[PDB]
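Student: Quick one: structure below, then a few questions.
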Amino acid sequence: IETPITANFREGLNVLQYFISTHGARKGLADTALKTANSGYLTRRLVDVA
Amino acid sequence: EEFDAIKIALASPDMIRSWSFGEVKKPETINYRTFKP
Amino acid sequence: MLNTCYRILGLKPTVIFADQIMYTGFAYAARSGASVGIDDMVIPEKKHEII
Amino acid sequence: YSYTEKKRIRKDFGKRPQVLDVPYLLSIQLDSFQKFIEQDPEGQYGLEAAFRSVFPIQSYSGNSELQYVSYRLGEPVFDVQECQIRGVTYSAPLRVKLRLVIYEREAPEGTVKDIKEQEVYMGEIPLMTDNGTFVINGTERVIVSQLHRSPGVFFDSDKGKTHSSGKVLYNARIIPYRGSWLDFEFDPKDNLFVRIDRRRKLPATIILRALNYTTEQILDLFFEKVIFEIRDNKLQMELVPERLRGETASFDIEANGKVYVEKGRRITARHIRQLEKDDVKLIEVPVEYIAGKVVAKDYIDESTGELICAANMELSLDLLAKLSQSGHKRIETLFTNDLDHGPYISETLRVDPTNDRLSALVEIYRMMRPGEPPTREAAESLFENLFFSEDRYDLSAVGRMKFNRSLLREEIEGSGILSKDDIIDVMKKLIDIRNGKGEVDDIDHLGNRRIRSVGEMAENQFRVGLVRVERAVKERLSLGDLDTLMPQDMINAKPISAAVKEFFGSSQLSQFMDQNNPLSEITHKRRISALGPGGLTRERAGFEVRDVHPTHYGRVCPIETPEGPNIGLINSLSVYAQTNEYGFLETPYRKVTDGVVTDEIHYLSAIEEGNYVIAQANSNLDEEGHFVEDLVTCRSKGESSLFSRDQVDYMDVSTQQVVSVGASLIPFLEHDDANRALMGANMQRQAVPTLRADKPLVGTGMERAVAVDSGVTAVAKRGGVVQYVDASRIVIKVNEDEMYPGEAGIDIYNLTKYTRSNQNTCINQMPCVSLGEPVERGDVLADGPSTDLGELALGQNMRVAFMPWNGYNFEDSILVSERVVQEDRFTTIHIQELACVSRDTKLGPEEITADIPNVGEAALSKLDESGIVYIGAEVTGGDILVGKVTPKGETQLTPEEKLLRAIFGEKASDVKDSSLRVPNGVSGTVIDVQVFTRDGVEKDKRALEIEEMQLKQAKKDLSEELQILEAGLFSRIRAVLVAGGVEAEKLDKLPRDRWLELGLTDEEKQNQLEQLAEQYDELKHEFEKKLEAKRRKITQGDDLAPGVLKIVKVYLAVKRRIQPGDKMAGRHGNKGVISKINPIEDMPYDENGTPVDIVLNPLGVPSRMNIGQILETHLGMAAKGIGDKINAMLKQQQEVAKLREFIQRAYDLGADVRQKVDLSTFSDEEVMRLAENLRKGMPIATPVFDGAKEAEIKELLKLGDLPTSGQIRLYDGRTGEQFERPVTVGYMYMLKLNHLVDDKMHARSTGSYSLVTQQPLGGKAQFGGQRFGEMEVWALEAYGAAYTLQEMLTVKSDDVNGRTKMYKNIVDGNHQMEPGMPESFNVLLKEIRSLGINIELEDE
Amino acid sequence: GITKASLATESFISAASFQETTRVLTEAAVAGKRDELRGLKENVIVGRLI
Amino acid sequence: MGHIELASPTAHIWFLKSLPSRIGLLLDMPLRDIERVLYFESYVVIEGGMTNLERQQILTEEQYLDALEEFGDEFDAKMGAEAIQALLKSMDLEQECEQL
Amino acid sequence: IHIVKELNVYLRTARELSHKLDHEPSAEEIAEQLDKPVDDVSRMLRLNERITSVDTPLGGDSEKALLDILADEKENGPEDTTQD
Amino acid sequence: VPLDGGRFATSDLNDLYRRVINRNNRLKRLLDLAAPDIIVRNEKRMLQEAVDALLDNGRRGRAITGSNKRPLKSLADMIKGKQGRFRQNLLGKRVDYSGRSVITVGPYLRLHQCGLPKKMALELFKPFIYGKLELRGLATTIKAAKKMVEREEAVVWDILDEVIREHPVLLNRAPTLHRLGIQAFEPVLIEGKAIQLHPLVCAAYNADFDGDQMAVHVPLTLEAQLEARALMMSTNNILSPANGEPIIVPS
DNA sequence: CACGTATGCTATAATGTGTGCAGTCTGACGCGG
DNA sequence: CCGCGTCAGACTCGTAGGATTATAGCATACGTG
RNA sequence: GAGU
Ligand SMILES: [Mg+2]
């Protein structure tokens, strides 16, 4: 995003900084749930061939 | 019990008949009352 | 440290040493009284300025 | 402040005056379902809509027809309470009045032939409770609202579908609410196609031919025109200046007597403006230029009458010459341009294999019904019945509305059927978008995503049931007799009732309410799901829909959604958000006129929000003037920036509106990372209510609202004084001013005691008022399971210190003091439900007797004569709860048992043993038993005893009702009789039974006496019928499943104390498992002597970035410090004055405290009750983004005489010496989650095995083994542990003879492996041979 | 590549158990292929000693 | 195990639909072609003794009527699973291997 | 056929009853209408109990079926075999 | 099979086979009746459709569906995919002598030890307890030993303590990514329901105690016990097999 | 003979299906025109 | 090439049971105690 | 819904 978060946690983020944070956060969290399947599938193929 | 190897080949109609111990000619599973085959 | 010990001494020593390190580690960790308050998070006076 | 708030006021650190209060949180659910049953006269809604949609229907012959009149819901046969206990669905019978009208065939439309009108039953529809649940088969269930793509039009394009080319192929999709889909799409060659229900692809012009459009007309619709006049010899062309743009001039462009552009020269802006200013219309041009222009219209030779050129035909020098000489000196060609006005339809007509309309209809027909011989009738019928029939197609008002606004029309509402204009206009806009003007929508934008609540979904399933019955009706009407056949003989209730039961039952959106916590219920009912029918799948879900969308602002919480595969799809509604009338989401905003911020609020839809610039709630207001600062922070077009003051159109209402309910309860959310806060809010929902409902010190303010709106607390309908408090009920007598002149005016609330939740938790209501207290309307009378004096109390706050401790808090692990266990504050109640069913088998009925083979006297002591355990009895795993016996058939006794039974005699009896016993390691007290017998089977002795209780208790309950109603009713008559003929004690002398005979003068007060006299007799006869109903239901023999003779349900109550392995957490997403319960002697303790309750690891803060927990702790300590100061002052008993001085100073601390709380209005005694509560710790409210700042918190600590750092010197309880440095110590509000180790612990040596695969079954409830999966196998292979592996494959799993042999060997010491072959492999071979593949083992 | 290499092993039990099971089995049945059980996969399936 | 005697022969779907066709690959017959034969849309020539009509050449219903009077007798063309089984039975793998 | 047709008359009777009672009928209410034994009615309604597939996965989740839970009751127990 | 409630539950295969048999037997009837060829054709297509559904349902066209809407599970579906025999019931199995619980720290433990709840261990080692009970002459028969352990007698605790000495148990945490996700330990019996894990091997398991759980397995044979003590013991397996680095590192 | 299960016949004319869902996922690898 | 098809898509744990409809009415025929 |  062009506008980064200038503030920090001790000071406390405003509504919009918090909202802006969410996008990236959620993207990351979804990547955990969803992409590990593909990582693990790789593991499985390797294992099968070796 | 213990074998060396395993083969897969096409099932002949005759081969299928060898495994079979009876021809199933009816859809009836069991009797409604005496739940027997 | 652990690696060095493994290479010179061997397995048995390293195993004992690892346990020992664990015990003393925690032990001193507690004694220290190490904690996390809002004042540790020091801010830089040059924060506003840079921004 | 209210009377309940006088008891305990929360201190507010908020600064922003709340212009709008939080709405009723369960708005969505209630409004929706209300509209579904609400019988709307004209504007059909829900049920009414379904009837009018289908009805009136007529027969296949057309002579007989059924018409709908009106419907009515019967009142529910069993009330909610009874339904829950019995296990029946809470519903109302649906009776519908219908009129069977028949027409004569010989008369034209002889409507006066046969008209039969009557009321038919057809299904009971489940009713919604007061708190937005449905009771289905005795369990509370919630239908979660759905989120789908709005019907209408949508333009999209796969951004580089063919990755080789990477060309953008735009498409239009018209999505109806009911019907086939209609797609328009481009291909790589820029030809427009049409597909129906994504079938095979058809040239787009073919659909217009179906709508009766000739070639000429089609071009006139989509294209503009270029006119060519042929004068004398030279060719002339009619020119529009701004066509020749971005092009190269092919010939010498000149006009009258000025040459502008030469051959091969670029036509820029300046040239165009020159030409336009000069006013050029016709230009002489070369004949050879025409080669390639496409002629628009047809031209015929007027002389011969033959076609010179057909429409859409490329012109050439021959054609042109021929046309000139026939006598056509003006030629319409297609305006066209590679860049701007693209010739798509022109090229598509060249691809169109159809000719006329009929041919177009055949090809459409042949797409969807390929192979089948086309008939003209069938083609016409098909096409009309696709998108042009009222029956099979319906955009709905939502579809038409969204569609009309997307096409920029003026009329909102209209036809559900596609009109010809509609289609064309969608093609046009698609083409516009292709040219470059216009943009494609996204699906993720909330302007295109619509919310579908319960009522609309019930409506849909109900329509389906109607439609199925409609088929049956039409069939029976056709062949049916006109005279003998009644309407209700044709109707079947089953299809409708089935479709509805199946929705509230089988559907994904209908699920067991999550009720292990008030918050859990409330947030669950405010949930939105993109899943289920007519929605996304987890598999089918990408990443774009999941992620946080700009439109979510104020509408959907960005921080509330599961970290599972349901990560993007399930979402909670934002606080202030609401359902639009059409189904879109909308958020409140305060209108700003000329800088001045008005208190008028406007709900903006997603689409409307993009239009205005909206200031943030954090902008500083200038005391009802305008924005203080000249630059203001605002947002529009989905993006945020600085604006001037007068530029601002609107502003956010509340600082809370961005977040959901759950998230709002988290204080100092502002200082927590959103990841952690997500888990915090999710885990807060799993907080199990403890024995003692403890309020949270460090709150937000939302606590009170949630508790009250959840409906689990009992609140007062009408203010007045409490006449009788009790553990079981509360009777409140209403004030004169609110008290209706009809009834006695005494409200009765029976409180629901110890009842089972769905998660086997304990739901009990405690009274929170004193006897004879004046109470205001809408105050909390009784607290629900996790509420305290009206506030939400999910967990318990306690003294925490952050420091490592000998690795006992290693990776989030928690070290807790024995003190917490001793005080049993985290200890929890669980009510579990065990059932004993007596079924009728082929051999004979199972009996529930105490007479069972092989039972000890010890066991039978706690069982009564019937064989049922007594109420109150303590049980432990293995104890028999309900004795049951089953008729056993013959069994071939091994010769050994023949010999042995000959030796001992002991011939084995006819009856076996199927008694229900306590599951192992659960242990508790039997608190209730319920018995269900069929209508005919002789009841158990115990069943009779229970019915005795019920009957006599029911009589008492109803008797107290009429007694306190009679007492309150005569108390009124006594007062009315005084107004006129006052004889106070003289009237009370002779008996009250002879009172209503005394009247007054003929005035309106004499009529008041008539009203109380009429109601008193009404209540007399009503009490008779109520009790008859009660008695019937108690006597009523229950209709159970076929086969089941009788069933016994036992409710155990278990007291579970916290232990190592249990899971605890705060509100900041900080989890942990209890590792060790330390003796209080060992716990770190401060200088004062006060020991800490929990020691958390500080190493779980910086990684996590949840700093809310630290702020919470410091504020928590200050809160408690003030509590201790108040507590000290109360113990000393200084005086009211002194307490008031300190408390006033305390409430009015903060820099810009919003709430002022003047203690001068409070009377001295009110101050005493308040201080009494505040002694435990002064409760503080930190709103979400409007919270307490560091300065304010430090000032609070100074009033408590606590350090500004909030770190204090602690001493090691083991050594007595101090720790080297100060530790952060304070009160964090923590929770015990549902994940008790008790429920998790499991182990198995040997047990049941699976049916075909032969390997052990799964799950703790089925006594299962763990899965050692492929992953787990590979581990052992890596290590090379061969025997362990083989062991798990064979003796531990399938190998039947091997497992038994191995077991014998193990008991005989010798740990010998005797492995064989897994049975599942054998199965595999057989499965392959059943496939018809010969797979044989060739042995060694 | 890893997937095709695993499918190319002479052991059809290993291949079939990996993926593509319908196709693998038609291939082997027509070929009349025999697996003498050299690999670990194969042995684990029959519950034998690695 | 047991068994069932089918009155009409039936194709094994695995050796038909699961690609490579196996059955189609073996007869060198396109999959669509096989299916039109199986579902009785059209006949297939199993042995046209008259070299006029060659093997495995699809005939529609009306195509079967024309050569019926003309050649007839000396060409055998049938429909369904029977036809395909017969075509399979009569193909000699050795010879055609050498030819190919 | 006899059982089936009997059962059907029980059904059609239930439908008439349900229309007029507003409520779907009990076994004994249907029996009182036919002037017949409740045991007869009950046995017939038991036969109408329609089948569930062993393979149907449980809980709206394609996780695991009935077969995955269902024991072989006849097959004891390496315990029981070793005890013999 | 009959469910307890008088209900019946059957495999989908039986439904598929019932279709085949009905259609085939109707074909025999139609042939006996010498029926017109169009009807013979329809039945032959019918037969093929049912066989194809039996072998592989959702392959050729529309899978034949139940009243639930869901496609019936054919033969090939039982071999094919994850739910298939290979993946689910053959390359991975449910296993006896396995337990599971919540885990918590054991700072006091030495590297080769783990905290094992008494109750859990009592069940896991049931046959070893019976065998020892018969050598002690405390239990007369197996049935008596069973009832003795049900009653959980004080002598049985001492016996259990005797058996668990020198006996390795396997602790596993999912997902089992590398071999160190399963390690062997000497169990230390503890009163209380959670398993206690040694801190230094938290790394290998990726175990953090925010509610994690672990599985316990009993190596039964002398061979398996030896494999566990020699190959799989935590003390013996320090270094990552991936890089030559010690995986048990203080944290 | 009875009880349980089955096979059977009925006569105004009526003579080519539809229906209930599917929702569009994704990057790759082969297979006939 | 293009387009249509088939094939894959982590590991353990959990919760809870369950849904739908309808097949006439009567006379003869076959098998078992 | 629980750790990854
Ligand atoms: Mg963890």
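If you're wondering about the labels, chains in the structure tokens are A, B, ... by order shown, residues count from 1 in each chain, ligands from 1 in order shown.
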At a cut-off of 10 Å around ligand 1, and using only C-alpha atoms (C1' of nucleotides) and all ligand atoms, what residues come up? Please write them as a list in words.

Tutor: residues 811, 812, 1071 and 1072 of chain D; 205, 206, 207, 208, 209, 210, 211, 212 and 213 of chain H; 2, 3 and 4 of chain K

Student: Could you list, as a PyMOL selection string, every residue within 7 Å of range 40-50 of chain E, counting only C-alpha atoms (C1' of nucleotides) and ignoring same-chain residues fewer than 4 positions away?

Tutor: (chain D and resi 1282-1283+1286+1289-1290+1317-1318+1321) or (chain E and resi 13-14) or (chain H and resi 90-91)

Student: Could you take the residues named above and write them with N, CA, C and O atoms, as a JSON list (two decimals), in the first residue's frame?

Tutor:
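Written file, again_0.json:
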[["chain", "number", "residue", "atom", "x", "y", "z"],
["D", 1282, "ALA", "N", 11.78, -50.74, 12.29],
["D", 1282, "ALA", "CA", 11.06, -51.59, 11.35],
["D", 1282, "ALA", "C", 9.94, -52.36, 11.99],
["D", 1282, "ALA", "O", 8.85, -52.49, 11.46],
["D", 1283, "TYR", "N", 10.27, -52.88, 13.16],
["D", 1283, "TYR", "CA", 9.35, -53.66, 13.94],
["D", 1283, "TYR", "C", 8.29, -52.77, 14.52],
["D", 1283, "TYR", "O", 7.16, -53.20, 14.64],
["D", 1286, "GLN", "N", 5.99, -52.16, 11.64],
["D", 1286, "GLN", "CA", 5.24, -53.34, 11.27],
["D", 1286, "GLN", "C", 4.17, -53.63, 12.35],
["D", 1286, "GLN", "O", 3.06, -54.09, 12.04],
["D", 1289, "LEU", "N", 1.23, -51.53, 11.82],
["D", 1289, "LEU", "CA", 0.51, -51.93, 10.63],
["D", 1289, "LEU", "C", -0.30, -53.20, 10.86],
["D", 1289, "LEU", "O", -1.35, -53.38, 10.25],
["D", 1290, "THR", "N", 0.19, -54.08, 11.74],
["D", 1290, "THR", "CA", -0.37, -55.45, 11.83],
["D", 1290, "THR", "C", -1.06, -55.79, 13.16],
["D", 1290, "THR", "O", -2.27, -55.74, 13.28],
["D", 1317, "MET", "N", -0.92, -60.73, 7.96],
["D", 1317, "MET", "CA", -1.30, -59.83, 6.86],
["D", 1317, "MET", "C", -2.54, -59.02, 7.27],
["D", 1317, "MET", "O", -3.48, -59.59, 7.79],
["D", 1318, "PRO", "N", -2.51, -57.70, 7.08],
["D", 1318, "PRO", "CA", -3.67, -56.84, 7.37],
["D", 1318, "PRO", "C", -4.90, -57.19, 6.53],
["D", 1318, "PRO", "O", -4.76, -57.31, 5.31],
["D", 1321, "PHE", "N", -5.98, -55.27, 3.39],
["D", 1321, "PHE", "CA", -5.36, -55.60, 2.12],
["D", 1321, "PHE", "C", -6.16, -56.65, 1.36],
["D", 1321, "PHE", "O", -6.30, -56.58, 0.14],
["E", 13, "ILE", "N", 2.14, -51.16, -7.38],
["E", 13, "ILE", "CA", 1.51, -50.90, -6.10],
["E", 13, "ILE", "C", 1.93, -49.53, -5.60],
["E", 13, "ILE", "O", 1.12, -48.78, -5.08],
["E", 14, "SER", "N", 3.21, -49.22, -5.74],
["E", 14, "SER", "CA", 3.73, -47.91, -5.36],
["E", 14, "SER", "C", 3.07, -46.84, -6.22],
["E", 14, "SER", "O", 2.55, -45.84, -5.70],
["H", 90, "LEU", "N", -4.53, -48.12, 4.52],
["H", 90, "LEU", "CA", -3.42, -49.00, 4.21],
["H", 90, "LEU", "C", -2.03, -48.36, 4.39],
["H", 90, "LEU", "O", -1.09, -49.01, 4.87],
["H", 91, "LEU", "N", -1.85, -47.12, 3.93],
["H", 91, "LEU", "CA", -0.60, -46.34, 4.16],
["H", 91, "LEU", "C", -0.61, -45.62, 5.50],
["H", 91, "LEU", "O", 0.34, -44.90, 5.84]]

Student: List every residue of chain A that DSSP, applied to the backbone of this structure, assigns to helix (DSSP H, G or I), and report them as number ranges by chain.

Tutor: A: 15-49

Student: As a PyMOL selection string, could you give me every residue of chain I near chain D (at most 9 Å apart, counting only C-alpha atoms (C1' of nucleotides))?

Tutor: chain I and resi 22-25

Student: Go ahead and save the picked residues with N, CA and C atoms (P, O5', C5', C4', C3', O3' and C1' of nucleotides), as an mmCIF file, in the first residue's frame.

Tutor:
data_model
loop_
_atom_site.group_PDB
_atom_site.id
_atom_site.type_symbol
_atom_site.label_atom_id
_atom_site.label_comp_id
_atom_site.auth_asym_id
_atom_site.auth_seq_id
_atom_site.Cartn_x
_atom_site.Cartn_y
_atom_site.Cartn_z
ATOM 1 P P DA I 22 -27.022 -26.751 -6.599
ATOM 2 O "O5'" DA I 22 -25.907 -27.701 -7.224
ATOM 3 C "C5'" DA I 22 -26.069 -28.266 -8.534
ATOM 4 C "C4'" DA I 22 -24.954 -27.831 -9.450
ATOM 5 C "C3'" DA I 22 -24.277 -26.518 -9.061
ATOM 6 O "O3'" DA I 22 -23.092 -26.750 -8.289
ATOM 7 C "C1'" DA I 22 -25.131 -26.354 -11.265
ATOM 8 P P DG I 23 -22.972 -26.162 -6.794
ATOM 9 O "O5'" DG I 23 -23.743 -24.771 -6.900
ATOM 10 C "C5'" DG I 23 -23.065 -23.524 -6.722
ATOM 11 C "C4'" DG I 23 -22.052 -23.343 -7.827
ATOM 12 C "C3'" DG I 23 -21.733 -21.895 -8.195
ATOM 13 O "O3'" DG I 23 -20.599 -21.466 -7.448
ATOM 14 C "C1'" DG I 23 -22.410 -23.061 -10.130
ATOM 15 P P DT I 24 -19.176 -22.165 -7.667
ATOM 16 O "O5'" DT I 24 -18.357 -21.038 -8.448
ATOM 17 C "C5'" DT I 24 -18.812 -20.491 -9.699
ATOM 18 C "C4'" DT I 24 -18.465 -21.467 -10.795
ATOM 19 C "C3'" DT I 24 -17.095 -21.246 -11.422
ATOM 20 O "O3'" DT I 24 -16.522 -22.508 -11.791
ATOM 21 C "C1'" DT I 24 -18.766 -21.014 -13.065
ATOM 22 P P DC I 25 -15.164 -23.029 -11.138
ATOM 23 O "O5'" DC I 25 -15.075 -22.213 -9.773
ATOM 24 C "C5'" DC I 25 -14.745 -20.813 -9.744
ATOM 25 C "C4'" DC I 25 -13.333 -20.661 -9.226
ATOM 26 C "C3'" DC I 25 -12.268 -20.527 -10.312
ATOM 27 O "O3'" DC I 25 -11.239 -19.646 -9.844
ATOM 28 C "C1'" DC I 25 -11.822 -22.474 -9.050
#

Student: Please give the complete set of residues from range 140-237 of chain H that DSSP, run on the backbone, assigns to strand (DSSP E), formatted as a list in words.

Tutor: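 Going through range 140-237 of chain H, the strand (DSSP E) residues come out as residues 169, 170, 171, 172, 182, 183, 184, 185, 186, 187, 188, 189, 190, 195, 196, 197, 213, 214, 215, 216 and 217 of chain H.
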
Student: Can you tell me, as a count of residues only, what residues are no more than 6 Å from range 215-225 of chain H when counting only C-alpha atoms (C1' of nucleotides), ignoring any on the same chain fewer than 6 positions away?

Tutor: 12

Student: If you take only C-alpha atoms and a cut-off of 9 Å, which residues of chain D touch chain F, and what are their nearest atom pairs and distances in Å to one decimal, in chain and number order, as CSV?

Tutor:
residue,atom,partner,partner_atom,distance
D:1326,CA,F:1,CA,8.2
D:1330,CA,F:1,CA,8.2
D:1331,CA,F:12,CA,8.8
D:1332,CA,F:12,CA,8.1

Student: Mind checking which residues fall within 12 Å of residue 39 in chain G, counting only C-alpha atoms (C1' of nucleotides), ignoring those fewer than 3 positions away in the same chain, and posting them as a PyMOL selection string?

Tutor: (chain D and resi 840+934-937+1042-1043+1045) or (chain G and resi 27-28+30-32+36+42-46)

Student: Could you tell me how far CA of residue 65 in chain D lies from CA of residue 42 in chain D, in Å and to one decimal?

Tutor: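 CA of residue 42 in chain D lies 22.3 Å from CA of residue 65 in chain D.
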
Student: Residues of chain J no more than 9 Å from chain H, counting only C-alpha atoms (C1' of nucleotides): send them over as a PyMOL selection string.

Tutor: chain J and resi 10-13+19-20

Student: Just write the chosen residues, N, CA, C and O atoms (P, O5', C5', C4', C3', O3' and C1' of nucleotides), as a short mmCIF file (atom, residue, chain, number, x, y, z; two decimals), in the first residue's frame.

Tutor:
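What ended up in result.cif:
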data_model
loop_
_atom_site.label_atom_id
_atom_site.label_comp_id
_atom_site.auth_asym_id
_atom_site.auth_seq_id
_atom_site.Cartn_x
_atom_site.Cartn_y
_atom_site.Cartn_z
P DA J 10 -4.96 -31.44 0.46
"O5'" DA J 10 -3.78 -32.16 1.26
"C5'" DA J 10 -2.48 -31.55 1.31
"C4'" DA J 10 -1.64 -32.09 2.45
"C3'" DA J 10 -2.39 -32.73 3.62
"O3'" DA J 10 -2.60 -34.13 3.46
"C1'" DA J 10 -0.89 -31.12 4.47
P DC J 11 -3.65 -34.89 4.40
"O5'" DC J 11 -2.99 -34.84 5.86
"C5'" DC J 11 -1.66 -35.35 6.14
"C4'" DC J 11 -1.31 -35.29 7.61
"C3'" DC J 11 -2.40 -35.66 8.60
"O3'" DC J 11 -2.44 -37.06 8.80
"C1'" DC J 11 -1.31 -33.72 9.35
P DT J 12 -3.81 -37.77 9.08
"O5'" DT J 12 -3.78 -37.94 10.65
"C5'" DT J 12 -4.70 -37.22 11.44
"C4'" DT J 12 -4.10 -36.95 12.80
"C3'" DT J 12 -5.15 -36.84 13.91
"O3'" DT J 12 -5.35 -38.12 14.56
"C1'" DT J 12 -3.91 -34.82 13.79
P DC J 13 -6.85 -38.71 14.80
"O5'" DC J 13 -7.34 -37.91 16.07
"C5'" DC J 13 -8.02 -36.67 15.87
"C4'" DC J 13 -7.79 -35.74 17.04
"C3'" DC J 13 -9.09 -35.28 17.70
"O3'" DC J 13 -9.40 -36.15 18.80
"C1'" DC J 13 -7.94 -33.41 16.88
P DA J 19 -34.23 -38.01 10.42
"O5'" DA J 19 -33.74 -37.07 9.22
"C5'" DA J 19 -33.90 -35.64 9.29
"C4'" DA J 19 -34.59 -35.12 8.05
"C3'" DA J 19 -35.97 -35.73 7.78
"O3'" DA J 19 -36.92 -34.85 7.18
"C1'" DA J 19 -34.57 -36.19 5.98
P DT J 20 -38.40 -35.38 6.85
"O5'" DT J 20 -38.16 -36.39 5.64
"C5'" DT J 20 -37.54 -35.95 4.43
"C4'" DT J 20 -38.55 -36.00 3.31
"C3'" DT J 20 -39.81 -36.82 3.63
"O3'" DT J 20 -40.99 -36.19 3.13
"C1'" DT J 20 -38.66 -37.77 1.78
#

Student: Return the neighbours of chain C among the residues of chain H, cut-off 7 Å, counting only C-alpha atoms, as number ranges by chain.

Tutor: H: 110-111, 235, 246, 250

Student: Set the distance at 9 Å and use only C-alpha atoms (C1' of nucleotides): which residues neighbour residue 585 in chain D once local chain neighbours fewer than 3 positions away are removed? I'd like the list as number ranges by chain.

Tutor: D: 446-447, 449-451, 555-556, 577-580, 604-606
